[PDB]
$ cat run-v2.pdb   # PDB, C-alpha atoms (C1' of nucleotides)
ATOM      1  CA  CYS A 623      47.152 -10.566  22.302  1.00  0.00           C
ATOM      2  CA  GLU A 624      45.734 -12.240  19.193  1.00  0.00           C
ATOM      3  CA  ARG A 625      44.910 -15.443  21.089  1.00  0.00           C
ATOM      4  CA  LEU A 626      43.380 -13.252  23.791  1.00  0.00           C
ATOM      5  CA  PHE A 627      41.044 -11.933  21.092  1.00  0.00           C
ATOM      6  CA  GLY A 628      39.743 -15.474  20.616  1.00  0.00           C
ATOM      7  CA  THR A 629      39.489 -15.916  24.373  1.00  0.00           C
ATOM      8  CA  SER A 630      37.299 -12.800  24.486  1.00  0.00           C
ATOM      9  CA  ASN A 631      35.288 -14.135  21.537  1.00  0.00           C
ATOM     10  CA  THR A 632      34.511 -17.480  23.168  1.00  0.00           C
ATOM     11  CA  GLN A 633      34.055 -16.150  26.711  1.00  0.00           C
ATOM     12  CA  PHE A 634      32.143 -12.906  26.129  1.00  0.00           C
ATOM     13  CA  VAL A 635      31.492 -12.071  22.469  1.00  0.00           C
ATOM     14  CA  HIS A 636      30.006 -15.328  21.165  1.00  0.00           C
ATOM     15  CA  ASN A 637      27.519 -15.467  24.074  1.00  0.00           C
ATOM     16  CA  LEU A 638      25.621 -12.341  22.988  1.00  0.00           C
ATOM     17  CA  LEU A 639      22.677 -11.698  20.682  1.00  0.00           C
ATOM     18  CA  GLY A 640      23.764 -10.705  17.204  1.00  0.00           C
ATOM     19  CA  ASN A 641      26.932 -12.802  17.426  1.00  0.00           C
ATOM     20  CA  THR A 642      28.106 -12.818  13.814  1.00  0.00           C
ATOM     21  CA  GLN A 643      29.124 -16.476  13.956  1.00  0.00           C
ATOM     22  CA  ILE A 644      26.711 -17.784  11.315  1.00  0.00           C
ATOM     23  CA  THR A 645      27.937 -15.132   8.859  1.00  0.00           C
ATOM     24  CA  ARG A 646      31.248 -17.011   8.513  1.00  0.00           C
ATOM     25  CA  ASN A 647      29.518 -19.198   5.901  1.00  0.00           C
ATOM     26  CA  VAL A 648      27.108 -16.726   4.304  1.00  0.00           C
ATOM     27  CA  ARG A 649      25.499 -19.570   2.342  1.00  0.00           C
ATOM     28  CA  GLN A 650      23.765 -20.629   5.584  1.00  0.00           C
ATOM     29  CA  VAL A 651      22.504 -17.182   6.660  1.00  0.00           C
ATOM     30  CA  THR A 652      18.749 -16.593   6.447  1.00  0.00           C
ATOM     31  CA  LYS A 653      16.632 -13.514   7.075  1.00  0.00           C
ATOM     32  CA  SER A 654      15.397 -15.282  10.219  1.00  0.00           C
ATOM     33  CA  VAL A 655      18.951 -15.873  11.503  1.00  0.00           C
ATOM     34  CA  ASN A 656      20.608 -12.710  10.186  1.00  0.00           C
ATOM     35  CA  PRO A 657      22.181 -11.052  13.258  1.00  0.00           C
ATOM     36  CA  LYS A 658      21.066  -7.639  11.973  1.00  0.00           C
ATOM     37  CA  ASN A 659      17.445  -8.381  12.893  1.00  0.00           C
ATOM     38  CA  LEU A 660      18.659  -9.792  16.233  1.00  0.00           C
ATOM     39  CA  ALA A 661      20.967  -6.966  17.349  1.00  0.00           C
ATOM     40  CA  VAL A 662      20.170  -5.617  20.816  1.00  0.00           C
ATOM     41  CA  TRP A 663      23.414  -4.243  22.307  1.00  0.00           C
ATOM     42  CA  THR A 664      24.672  -0.654  22.217  1.00  0.00           C
ATOM     43  CA  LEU A 665      28.236   0.650  22.223  1.00  0.00           C
ATOM     44  CA  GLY A 666      28.291   1.825  25.832  1.00  0.00           C
ATOM     45  CA  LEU A 667      26.941  -1.334  27.439  1.00  0.00           C
ATOM     46  CA  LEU A 668      29.057  -3.625  25.255  1.00  0.00           C
ATOM     47  CA  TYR A 669      32.173  -1.605  26.089  1.00  0.00           C
ATOM     48  CA  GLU A 670      31.424  -1.549  29.813  1.00  0.00           C
ATOM     49  CA  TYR A 671      30.777  -5.294  29.989  1.00  0.00           C
ATOM     50  CA  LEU A 672      33.864  -6.039  27.884  1.00  0.00           C
ATOM     51  CA  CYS A 673      35.854  -3.920  30.345  1.00  0.00           C
ATOM     52  CA  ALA A 674      34.258  -5.791  33.253  1.00  0.00           C
ATOM     53  CA  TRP A 675      35.313  -9.061  31.615  1.00  0.00           C
ATOM     54  CA  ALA A 676      38.839  -7.857  30.847  1.00  0.00           C
ATOM     55  CA  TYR A 677      39.604  -6.372  34.255  1.00  0.00           C
ATOM     56  CA  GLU A 678      37.919  -8.912  36.502  1.00  0.00           C
ATOM     57  CA  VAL A 679      37.115 -12.261  34.859  1.00  0.00           C
ATOM     58  CA  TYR A 680      40.241 -12.762  32.768  1.00  0.00           C
ATOM     59  CA  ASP A 681      42.070 -10.763  35.455  1.00  0.00           C
ATOM     60  CA  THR A 682      41.424 -13.305  38.219  1.00  0.00           C
ATOM     61  CA  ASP A 683      41.350 -16.331  35.881  1.00  0.00           C
ATOM     62  CA  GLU A 684      44.398 -18.580  36.227  1.00  0.00           C
ATOM     63  CA  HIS A 685      46.710 -18.823  33.231  1.00  0.00           C
ATOM     64  CA  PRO A 686      48.431 -21.909  31.760  1.00  0.00           C
ATOM     65  CA  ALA A 687      51.906 -20.413  31.264  1.00  0.00           C
ATOM     66  CA  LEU A 688      51.641 -18.390  34.492  1.00  0.00           C
ATOM     67  CA  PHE A 689      50.314 -20.698  37.278  1.00  0.00           C
ATOM     68  CA  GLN A 690      48.456 -17.691  38.726  1.00  0.00           C
ATOM     69  CA  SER A 691      46.058 -14.986  37.636  1.00  0.00           C
TER
ATOM     70  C1'  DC B   1      29.950-101.141  46.939  1.00  0.00           C
ATOM     71  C1'  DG B   2      32.517 -98.817  43.612  1.00  0.00           C
ATOM     72  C1'  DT B   3      32.474 -96.239  39.397  1.00  0.00           C
ATOM     73  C1'  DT B   4      30.420 -93.034  35.743  1.00  0.00           C
ATOM     74  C1'  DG B   5      27.573 -89.917  33.667  1.00  0.00           C
ATOM     75  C1'  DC B   6      24.059 -86.243  34.652  1.00  0.00           C
ATOM     76  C1'  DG B   7      22.021 -82.368  36.795  1.00  0.00           C
ATOM     77  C1'  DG B   8      21.137 -78.473  40.651  1.00  0.00           C
ATOM     78  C1'  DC B   9      23.678 -74.413  43.185  1.00  0.00           C
ATOM     79  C1'  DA B  10      26.186 -70.706  43.701  1.00  0.00           C
ATOM     80  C1'  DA B  11      30.280 -68.075  43.264  1.00  0.00           C
ATOM     81  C1'  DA B  12      33.257 -66.573  39.049  1.00  0.00           C
ATOM     82  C1'  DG B  13      33.919 -65.026  34.548  1.00  0.00           C
ATOM     83  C1'  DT B  14      32.737 -62.178  30.653  1.00  0.00           C
ATOM     84  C1'  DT B  15      30.158 -58.104  28.135  1.00  0.00           C
ATOM     85  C1'  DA B  16      27.801 -54.014  28.401  1.00  0.00           C
ATOM     86  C1'  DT B  17      26.401 -49.187  30.005  1.00  0.00           C
ATOM     87  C1'  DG B  18      26.203 -44.924  32.126  1.00  0.00           C
ATOM     88  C1'  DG B  19      29.345 -42.041  35.454  1.00  0.00           C
ATOM     89  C1'  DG B  20      34.047 -39.346  36.915  1.00  0.00           C
ATOM     90  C1'  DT B  21      38.756 -37.512  36.166  1.00  0.00           C
ATOM     91  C1'  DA B  22      43.267 -36.005  34.289  1.00  0.00           C
ATOM     92  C1'  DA B  23      45.432 -35.479  29.641  1.00  0.00           C
ATOM     93  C1'  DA B  24      46.182 -35.658  24.794  1.00  0.00           C
ATOM     94  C1'  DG B  25      44.254 -33.338  20.969  1.00  0.00           C
ATOM     95  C1'  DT B  26      41.686 -29.348  18.206  1.00  0.00           C
ATOM     96  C1'  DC B  27      41.234 -25.367  16.300  1.00  0.00           C
ATOM     97  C1'  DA B  28      40.641 -19.814  15.753  1.00  0.00           C
ATOM     98  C1'  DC B  29      43.007 -15.229  16.961  1.00  0.00           C
ATOM     99  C1'  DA B  30      45.334 -13.687  13.112  1.00  0.00           C
ATOM    100  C1'  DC B  31      40.629  -6.418   9.086  1.00  0.00           C
ATOM    101  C1'  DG B  32      36.445  -8.226   7.305  1.00  0.00           C
ATOM    102  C1'  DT B  33      30.457 -10.910   5.552  1.00  0.00           C
ATOM    103  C1'  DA B  34      26.392  -9.079   4.015  1.00  0.00           C
ATOM    104  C1'  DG B  35      25.638  -7.405  -0.774  1.00  0.00           C
ATOM    105  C1'  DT B  36      23.251  -6.967  -5.654  1.00  0.00           C
ATOM    106  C1'  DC B  37      20.341  -7.575  -9.841  1.00  0.00           C
ATOM    107  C1'  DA B  38      15.693  -9.386 -11.407  1.00  0.00           C
ATOM    108  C1'  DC B  39      10.987  -9.370 -10.882  1.00  0.00           C
ATOM    109  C1'  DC B  40       5.840  -7.671 -12.054  1.00  0.00           C
ATOM    110  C1'  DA B  41       1.699  -5.151 -10.033  1.00  0.00           C
ATOM    111  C1'  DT B  42      -0.373  -0.658  -8.639  1.00  0.00           C
ATOM    112  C1'  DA B  43      -0.676   4.671  -8.123  1.00  0.00           C
ATOM    113  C1'  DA B  44      -0.111   8.708 -10.658  1.00  0.00           C
ATOM    114  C1'  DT B  45       0.465  12.093 -13.516  1.00  0.00           C
ATOM    115  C1'  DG B  46       0.721  14.411 -17.969  1.00  0.00           C
ATOM    116  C1'  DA B  47      -0.368  14.189 -22.520  1.00  0.00           C
ATOM    117  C1'  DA B  48      -3.645  12.536 -26.453  1.00  0.00           C
ATOM    118  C1'  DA B  49      -7.961  12.548 -27.427  1.00  0.00           C
ATOM    119  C1'  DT B  50     -12.766  12.402 -27.121  1.00  0.00           C
ATOM    120  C1'  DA B  51     -17.664  12.663 -28.566  1.00  0.00           C
ATOM    121  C1'  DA B  52     -20.606  15.482 -28.109  1.00  0.00           C
ATOM    122  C1'  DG B  53     -21.811  20.224 -27.896  1.00  0.00           C
ATOM    123  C1'  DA B  54     -21.955  25.274 -29.562  1.00  0.00           C
ATOM    124  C1'  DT B  55     -22.221  28.660 -32.679  1.00  0.00           C
ATOM    125  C1'  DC B  56     -22.051  30.760 -37.692  1.00  0.00           C
ATOM    126  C1'  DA B  57     -23.773  31.032 -42.112  1.00  0.00           C
ATOM    127  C1'  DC B  58     -27.093  30.077 -45.690  1.00  0.00           C
ATOM    128  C1'  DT B  59     -31.882  28.482 -47.802  1.00  0.00           C
ATOM    129  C1'  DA B  60     -36.430  27.999 -47.948  1.00  0.00           C
ATOM    130  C1'  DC B  61     -41.439  28.422 -46.104  1.00  0.00           C
ATOM    131  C1'  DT B  62     -45.195  30.633 -44.256  1.00  0.00           C
ATOM    132  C1'  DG B  63     -48.016  33.970 -40.772  1.00  0.00           C
ATOM    133  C1'  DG B  64     -49.723  38.306 -41.323  1.00  0.00           C
ATOM    134  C1'  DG B  65     -50.581  44.189 -40.017  1.00  0.00           C
ATOM    135  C1'  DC B  66     -50.037  49.482 -40.813  1.00  0.00           C
ATOM    136  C1'  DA B  67     -50.517  54.082 -43.009  1.00  0.00           C
ATOM    137  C1'  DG B  68     -54.187  55.561 -45.383  1.00  0.00           C
ATOM    138  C1'  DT B  69     -59.111  55.874 -47.647  1.00  0.00           C
ATOM    139  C1'  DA B  70     -64.146  56.465 -47.431  1.00  0.00           C
ATOM    140  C1'  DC B  71     -69.211  57.028 -46.384  1.00  0.00           C
ATOM    141  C1'  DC B  72     -73.502  57.937 -43.653  1.00  0.00           C
ATOM    142  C1'  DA B  73     -75.616  60.213 -41.150  1.00  0.00           C
ATOM    143  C1'  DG B  74     -76.634  62.380 -35.683  1.00  0.00           C
ATOM    144  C1'  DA B  75     -75.940  66.294 -33.017  1.00  0.00           C
ATOM    145  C1'  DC B  76     -74.290  70.650 -31.015  1.00  0.00           C
ATOM    146  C1'  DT B  77     -73.247  75.565 -32.219  1.00  0.00           C
ATOM    147  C1'  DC B  78     -74.248  79.843 -34.245  1.00  0.00           C
ATOM    148  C1'  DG B  79     -74.588  83.712 -38.512  1.00  0.00           C
ATOM    149  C1'  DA B  80     -78.378  85.919 -40.050  1.00  0.00           C
ATOM    150  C1'  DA B  81     -82.672  87.255 -39.785  1.00  0.00           C
ATOM    151  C1'  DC B  82     -87.970  87.617 -37.710  1.00  0.00           C
ATOM    152  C1'  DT B  83     -90.902  89.241 -34.528  1.00  0.00           C
ATOM    153  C1'  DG B  84     -93.136  90.779 -30.041  1.00  0.00           C
ATOM    154  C1'  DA B  85     -92.978  93.763 -25.431  1.00  0.00           C
ATOM    155  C1'  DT B  86     -91.638  98.093 -23.845  1.00  0.00           C
ATOM    156  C1'  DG B  87     -90.137 102.812 -21.624  1.00  0.00           C
TER
END
$ encode --input "run-v2.pdb" --output "structure tokens"
Amino acid sequence: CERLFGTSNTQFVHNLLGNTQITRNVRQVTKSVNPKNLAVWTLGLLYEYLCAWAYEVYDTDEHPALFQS
DNA sequence: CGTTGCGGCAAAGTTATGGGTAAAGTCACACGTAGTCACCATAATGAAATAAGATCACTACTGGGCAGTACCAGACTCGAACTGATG
């Protein structure tokens, strides 16, 4: 499951406005690149698109240790 | 005439460069990045205070009028008496 968290991060989370990727090294965060001033998503839409990802994209995607979706 | 060195011609040989494809590596998922003094100008009262103003009290200076007094007649009114007409 933990690796699947990173799969979700790279496939769905890190491709969205407000992706708190820069904040890993806070020394490089500026008021122009702070995700807080860039946030656009809500809870409902983020949840529904994460569910769409989980139950269709990763659902039909082939797996290494499985040889099928 | 034959031999020998030299030079053109055209594959052939060697580097280089931008493409494609499987396969060895690479690295984040492991609860977490935002969070906190320092900074000096402006509004904004509320208090401190004003600088002049307001009034009291006293001192001195200078206009200035009222209750009362007084005379010299002119003029109207009328006691008191005189005098003439009369029934």
$ resolve_selection --input "run-v2.pdb" --expression "the PyMOL selection byres ((chain B) within 12 of (chain A))" --output "ChimeraX atom specification"
/B:27-30,32-35
$ atom_distance --input "run-v2.pdb" --atom1 "CA of residue 681 in chain A" --atom2 "CA of residue 634 in chain A"
13.8 Å
$ residues_around --input "run-v2.pdb" --residues "residue 679 in chain A" --least-positions-apart "6" --cutoff "10 Å" --atoms "all atoms listed in the file" --output "list in words"
residues 633, 672, 673 and 691 of chain A
$ write_last_selection --input "run-v2.pdb" --atoms "C-alpha atoms" --output "PDB file, keeping the file's coordinate frame"
ATOM      1  CA  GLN A 633      34.055 -16.150  26.711  1.00  0.00           C
ATOM      2  CA  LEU A 672      33.864  -6.039  27.884  1.00  0.00           C
ATOM      3  CA  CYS A 673      35.854  -3.920  30.345  1.00  0.00           C
ATOM      4  CA  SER A 691      46.058 -14.986  37.636  1.00  0.00           C
TER       5      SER A 691
END
$ axis_aligned_box --input "run-v2.pdb" --around "range 666-680 of chain A" --padding-each-side "6 Å" --output "lines of an AutoDock Vina configuration file"
center_x = 33.6
center_y = -5.5
center_z = 30.9
size_x = 25.3
size_y = 26.6
size_z = 23.2
$ resolve_selection --input "run-v2.pdb" --expression "the PyMOL selection byres ((chain A and resi 657) around 8)" --output "list in words"
residues 639, 640, 641, 642, 655, 656, 658, 659, 660 and 661 of chain A
$ atom_distance --input "run-v2.pdb" --atom1 "CA of residue 686 in chain A" --atom2 "CA of residue 635 in chain A"
21.7 Å
$ atom_distance --input "run-v2.pdb" --atom1 "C1' of residue 40 in chain B" --atom2 "CA of residue 653 in chain A"
22.7 Å
